[PDB]
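First up is the structure itself, then whatever we jot down about it.
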Amino acid sequence: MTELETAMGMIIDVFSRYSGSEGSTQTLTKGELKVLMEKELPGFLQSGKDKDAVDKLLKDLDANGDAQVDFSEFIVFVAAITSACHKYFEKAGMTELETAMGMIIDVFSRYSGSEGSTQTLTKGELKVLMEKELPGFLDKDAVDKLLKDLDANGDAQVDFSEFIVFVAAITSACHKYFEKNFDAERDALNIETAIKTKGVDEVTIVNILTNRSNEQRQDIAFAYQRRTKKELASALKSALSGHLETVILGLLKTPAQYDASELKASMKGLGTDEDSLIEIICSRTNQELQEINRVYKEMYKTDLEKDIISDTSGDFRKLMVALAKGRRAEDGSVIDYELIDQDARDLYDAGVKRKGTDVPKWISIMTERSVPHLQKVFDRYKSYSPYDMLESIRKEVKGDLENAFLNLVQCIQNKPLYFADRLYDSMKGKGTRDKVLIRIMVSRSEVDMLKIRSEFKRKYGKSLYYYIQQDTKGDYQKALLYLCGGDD
Amino acid sequence: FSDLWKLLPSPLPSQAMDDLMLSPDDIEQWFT
Ligand SMILES: [Ca+2]
Ligand SMILES: [Ca+2]
Ligand SMILES: [Ca+2]
Ligand SMILES: [Ca+2]
Ligand SMILES: [Ca+2]
Ligand SMILES: [Ca+2]
Ligand SMILES: [Ca+2]
Ligand SMILES: [Ca+2]
Ligand SMILES: [Ca+2]
């Protein structure tokens, strides 16, 4: 590694070391920030002057207002300190973090030249610095574009402020690309402590439980039961309230248990919550649905299919039953062109081409064929029809059957975008559709949350993190934010 | 990092850094 590469890796490693001690590996908590400051920048925080120093520092660095310091905020802080130190050394004529900052300063000064009383890089100096310290980063004159991109004041040079801003940007890009020891007994002890603390320490409960995998939460529940002789979920049900309770109790169930309880809740009592039933049944895969069927009958002493049959009717019932069987053809990864064309033509003949609809044909095709096959089928279907599959569904059917078909085609085409749209709908208006938001954040945090976030940011222009921040507050908000995993 | 540069494709946080207003006076106070 080059000296500059080594310094960047050192800054990343410092952040990683301190961010992993509690909560998320992606941010620093206030306590983590105080520890980092004491060990890596001793004396900068003048604690002893005031014991509130870290609160002020956190407020100063917390650009997005979530009471944590992610890597973007941390790296802009490190760059500001390094630039100030460069100017201080200029005007005047060791921990790991301090070492990395000093290394960046030394690297700049080893390629820089005198200009006025400052040290700057011309284009050629910048060229050689890039080729020797960041090999592979650099068009015939890509160094000129790099110069113009960094030259903020437009004086045809790169001073240290512009350089350190560039270094911060590329270190941040490396960390985010990397984004894109566990012990159950210790977790259980700390959770019991947080539960028995007067008033309940919900912050610790969230910090731990929303930053473990489902399997690790099962381990923690077993360790808690063995330590306490009481069930973790009952203790937390007693200790918590409201939406935070909903979130935590959902996280404590296995994926299949959670989906099964949500389906039962969608059918238990008068009427039906068709939106929830449709979301779960159309979005879940073969393996997920088979596990749901087993666990559902375990938990409720009846078949999920029998509950669906009892709660629904007509073609909507037919579609839901067929989908809930969870025996769609698996991705064969061998393309059946003849069947793609025949399925497309059948879908057209059954719907837009004729008066009425051959709904059983639609159901057979869209529940039995594999997902890649059906993606190709929808593209081919367009060749026959002036309306794509979704608009065809809107023109052909209505009510719960139409809703089910629309959701199903969306999950076949782009399931992350489906969930991004559902989340946006759950938050966009007044109040929150907390049931939907919680169910999606809990059920997809470990599945495709990165892709959901990417589609959400692409379509709506701000992050899923941001919308959660605006719609929810308190420990509930912080739990949902940890389940999202990061801003953008 | 050599091969990672092709993998990435990243904005410049110049205003965020300026807003912190860290000056050599701060570093002087820190260095005692
Ligand atoms: Ca953390
Ligand atoms: Ca923050
Ligand atoms: Ca300049
Ligand atoms: Ca409390
Ligand atoms: Ca309660
Ligand atoms: Ca019912
Ligand atoms: Ca209903
Ligand atoms: Ca028709
Ligand atoms: Ca709202």
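Naming scheme: A, B, ... for chains in displayed order of the structure tokens; residues 1 onward per chain; ligands 1 onward as shown.
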
Report as a Markdown table the residues of chain B within 10 Å of range 135-140 of chain A, each with its shortest atom pair and distance in Å (one decimal), using only C-alpha atoms, ordered by chain and increasing residue number.
```
| residue | atom | partner | partner_atom | distance |
| --- | --- | --- | --- | --- |
| B:1 | CA | A:135 | CA | 8.1 |
| B:2 | CA | A:136 | CA | 5.0 |
| B:3 | CA | A:136 | CA | 7.1 |
| B:4 | CA | A:136 | CA | 8.7 |
| B:5 | CA | A:137 | CA | 5.7 |
| B:6 | CA | A:137 | CA | 7.8 |
```

(message) Please find the residues of chain A near chain B - the criterion being any atom within 9 Å, counting only C-alpha atoms - and write them as a VMD selection string.
(response) chain A and resid 1 5 42 to 46 60 to 61 63 72 to 73 76 to 77 79 to 81 83 to 89 91 134 to 138 149 to 150 152 161 to 162 165 to 166 168 to 170 172 to 174 177

(message) Using DSSP secondary structure from the backbone, list all helix (DSSP H, G or I) positions within range 26-169 of chain A, as a ChimeraX atom specification.
(response) /A:30-40,53-61,71-91,96-111,123-133,142-150,160-169

(request) List the neighbours of range 115-121 of chain A out to 12 Å using only C-alpha atoms; skip same-chain residues closer than 3 positions along the sequence, and give me the result as a ChimeraX atom specification. (result) /A:86-93,105-112,124-130,143,147,150-151,155-164

(request) Return the single residue from A:357, A:285, A:313, A:266 that is closest to ligand 7, with distances computed using only C-alpha atoms and all ligand atoms. (result)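 Smallest distance to ligand 7 is found for A:266.
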
(request) Find the distance between CA of residue 206 in chain A and CA of residue 248 in chain A and write it in Å to one decimal. (result)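 For CA of residue 206 in chain A relative to CA of residue 248 in chain A, the distance reads 7.8 Å.
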
Taking only C-alpha atoms and all ligand atoms into account, list the residues no farther than 6 Å from ligand 7, as a short mmCIF file (atom, residue, chain, number, x, y, z; two decimals) with N, CA and C atoms, in the first residue's frame.
```
data_model
loop_
_atom_site.label_atom_id
_atom_site.label_comp_id
_atom_site.auth_asym_id
_atom_site.auth_seq_id
_atom_site.Cartn_x
_atom_site.Cartn_y
_atom_site.Cartn_z
N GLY A 271 -63.81 -9.57 8.75
CA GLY A 271 -63.26 -9.10 7.49
C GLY A 271 -61.85 -9.61 7.24
N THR A 272 -61.13 -8.86 6.41
CA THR A 272 -59.81 -9.25 5.94
C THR A 272 -58.98 -7.99 5.71
N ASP A 273 -57.71 -8.05 6.10
CA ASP A 273 -56.74 -7.03 5.70
C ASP A 273 -56.06 -7.54 4.43
N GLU A 274 -56.73 -7.29 3.30
CA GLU A 274 -56.26 -7.84 2.03
C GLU A 274 -54.90 -7.27 1.65
#
```

Interface rows for chain A against ligand 6: nearest pair, Å to one decimal, 10 Å, only C-alpha atoms and all ligand atoms, as CSV:
```
residue,atom,partner,partner_atom_place_in_ligand_line,distance
A:264,CA,ligand 6,1 (Ca),9.0
A:265,CA,ligand 6,1 (Ca),8.8
A:266,CA,ligand 6,1 (Ca),7.5
A:267,CA,ligand 6,1 (Ca),4.3
A:268,CA,ligand 6,1 (Ca),4.8
A:269,CA,ligand 6,1 (Ca),4.4
A:270,CA,ligand 6,1 (Ca),4.6
A:271,CA,ligand 6,1 (Ca),4.2
A:272,CA,ligand 6,1 (Ca),5.0
A:273,CA,ligand 6,1 (Ca),8.2
A:307,CA,ligand 6,1 (Ca),8.5
A:308,CA,ligand 6,1 (Ca),9.0
A:310,CA,ligand 6,1 (Ca),7.9
A:311,CA,ligand 6,1 (Ca),5.2
A:312,CA,ligand 6,1 (Ca),8.3
```

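Those protein and nucleic acid residues that have any atom within 6 Å of ligand 5 are, using only C-alpha atoms and all ligand atoms, residues 237, 238, 239, 240 and 241 of chain A.
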
(request) Can you tell me which residues come within 10 Å of ligand 8 when counting only C-alpha atoms and all ligand atoms, ideally as an MDAnalysis selection string? (result) chainID A and resid 348:359 392:393 395:397

(request) Would you mind telling me which residue in A:217, A:17, A:462, A:132 lies nearest to ligand 1 when using only C-alpha atoms and all ligand atoms? (result)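 Of the candidates, the smallest distance to ligand 1 is held by A:17.
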
(message) 7 Å from ligand 9 is the threshold here; counting only C-alpha atoms and all ligand atoms, which polymer residues fall inside it? Answer as a list in words.
(response)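 Going residue by residue within 7 Å of ligand 9, we get residues 427, 428, 429, 430, 431, 432 and 471 of chain A.
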
(request) Write out as a list in words each polymer residue whose atoms come within 12 Å of residue 290 in chain A, counting only C-alpha atoms; drop sequence neighbours fewer than 6 positions from it. (result)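 Contacts, in chain order: residues 255, 256, 257, 259, 260, 281, 284, 296, 297, 303, 304, 305, 323, 324, 325, 326, 327 and 328 of chain A.
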
Could those residues be written to a file, using N, CA, C and O atoms, as an mmCIF file, in the first residue's frame?
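The resulting selection_0.cif:
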```cif
data_model
loop_
_atom_site.group_PDB
_atom_site.id
_atom_site.type_symbol
_atom_site.label_atom_id
_atom_site.label_comp_id
_atom_site.auth_asym_id
_atom_site.auth_seq_id
_atom_site.Cartn_x
_atom_site.Cartn_y
_atom_site.Cartn_z
ATOM 1 N N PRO A 255 -38.182 -15.568 11.009
ATOM 2 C CA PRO A 255 -38.851 -15.016 9.817
ATOM 3 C C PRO A 255 -40.177 -15.691 9.515
ATOM 4 O O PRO A 255 -41.177 -15.010 9.236
ATOM 5 N N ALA A 256 -40.218 -17.025 9.589
ATOM 6 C CA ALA A 256 -41.458 -17.739 9.312
ATOM 7 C C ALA A 256 -42.504 -17.474 10.385
ATOM 8 O O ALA A 256 -43.684 -17.297 10.069
ATOM 9 N N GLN A 257 -42.094 -17.451 11.657
ATOM 10 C CA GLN A 257 -43.036 -17.135 12.728
ATOM 11 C C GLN A 257 -43.623 -15.744 12.552
ATOM 12 O O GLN A 257 -44.831 -15.539 12.732
ATOM 13 N N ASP A 259 -43.895 -13.922 9.743
ATOM 14 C CA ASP A 259 -44.805 -13.901 8.602
ATOM 15 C C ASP A 259 -46.117 -14.608 8.923
ATOM 16 O O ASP A 259 -47.197 -14.140 8.538
ATOM 17 N N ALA A 260 -46.045 -15.733 9.637
ATOM 18 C CA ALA A 260 -47.246 -16.487 9.976
ATOM 19 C C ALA A 260 -48.158 -15.696 10.903
ATOM 20 O O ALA A 260 -49.383 -15.670 10.714
ATOM 21 N N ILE A 281 -48.142 -12.727 0.785
ATOM 22 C CA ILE A 281 -48.300 -13.927 -0.036
ATOM 23 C C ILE A 281 -47.641 -13.751 -1.399
ATOM 24 O O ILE A 281 -47.028 -14.688 -1.929
ATOM 25 N N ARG A 284 -43.344 -13.384 -0.980
ATOM 26 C CA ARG A 284 -42.502 -14.420 -0.394
ATOM 27 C C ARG A 284 -42.176 -15.518 -1.405
ATOM 28 O O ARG A 284 -42.974 -15.829 -2.293
ATOM 29 N N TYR A 296 -47.010 -22.004 10.539
ATOM 30 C CA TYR A 296 -48.378 -21.551 10.748
ATOM 31 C C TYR A 296 -49.220 -22.654 11.360
ATOM 32 O O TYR A 296 -49.959 -22.426 12.325
ATOM 33 N N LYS A 297 -49.132 -23.866 10.808
ATOM 34 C CA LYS A 297 -49.930 -24.935 11.395
ATOM 35 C C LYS A 297 -49.428 -25.298 12.786
ATOM 36 O O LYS A 297 -50.220 -25.672 13.662
ATOM 37 N N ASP A 303 -54.320 -25.149 8.958
ATOM 38 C CA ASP A 303 -53.550 -24.823 7.769
ATOM 39 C C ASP A 303 -53.783 -23.375 7.359
ATOM 40 O O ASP A 303 -54.907 -22.868 7.423
ATOM 41 N N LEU A 304 -52.702 -22.707 6.950
ATOM 42 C CA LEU A 304 -52.832 -21.371 6.379
ATOM 43 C C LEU A 304 -53.799 -21.369 5.202
ATOM 44 O O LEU A 304 -54.602 -20.439 5.046
ATOM 45 N N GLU A 305 -53.733 -22.405 4.362
ATOM 46 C CA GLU A 305 -54.623 -22.481 3.208
ATOM 47 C C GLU A 305 -56.085 -22.508 3.636
ATOM 48 O O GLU A 305 -56.938 -21.882 2.996
ATOM 49 N N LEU A 323 -50.852 -19.134 -4.812
ATOM 50 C CA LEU A 323 -49.578 -18.516 -4.461
ATOM 51 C C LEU A 323 -49.064 -19.031 -3.124
ATOM 52 O O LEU A 323 -47.862 -19.282 -2.969
ATOM 53 N N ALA A 324 -49.959 -19.199 -2.148
ATOM 54 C CA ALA A 324 -49.559 -19.626 -0.816
ATOM 55 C C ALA A 324 -49.050 -21.057 -0.795
ATOM 56 O O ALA A 324 -48.361 -21.435 0.158
ATOM 57 N N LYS A 325 -49.378 -21.863 -1.811
ATOM 58 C CA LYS A 325 -48.800 -23.206 -1.866
ATOM 59 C C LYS A 325 -47.275 -23.176 -1.934
ATOM 60 O O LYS A 325 -46.616 -24.114 -1.466
ATOM 61 N N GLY A 326 -46.698 -22.119 -2.496
ATOM 62 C CA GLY A 326 -45.248 -21.988 -2.524
ATOM 63 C C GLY A 326 -44.544 -23.071 -3.312
ATOM 64 O O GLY A 326 -43.507 -23.585 -2.873
ATOM 65 N N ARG A 327 -45.087 -23.430 -4.471
ATOM 66 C CA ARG A 327 -44.506 -24.445 -5.338
ATOM 67 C C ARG A 327 -44.396 -23.918 -6.759
ATOM 68 O O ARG A 327 -44.616 -24.642 -7.736
ATOM 69 N N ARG A 328 -44.074 -22.635 -6.887
ATOM 70 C CA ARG A 328 -43.707 -22.083 -8.181
ATOM 71 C C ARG A 328 -42.489 -22.817 -8.722
ATOM 72 O O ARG A 328 -41.621 -23.255 -7.961
#
```

(message) Could you list, as a list in words, all residues that come within 6 Å of ligand 1? Count only C-alpha atoms and all ligand atoms.
(response) residues 19, 20, 22, 23, 24, 25, 27, 28 and 29 of chain A
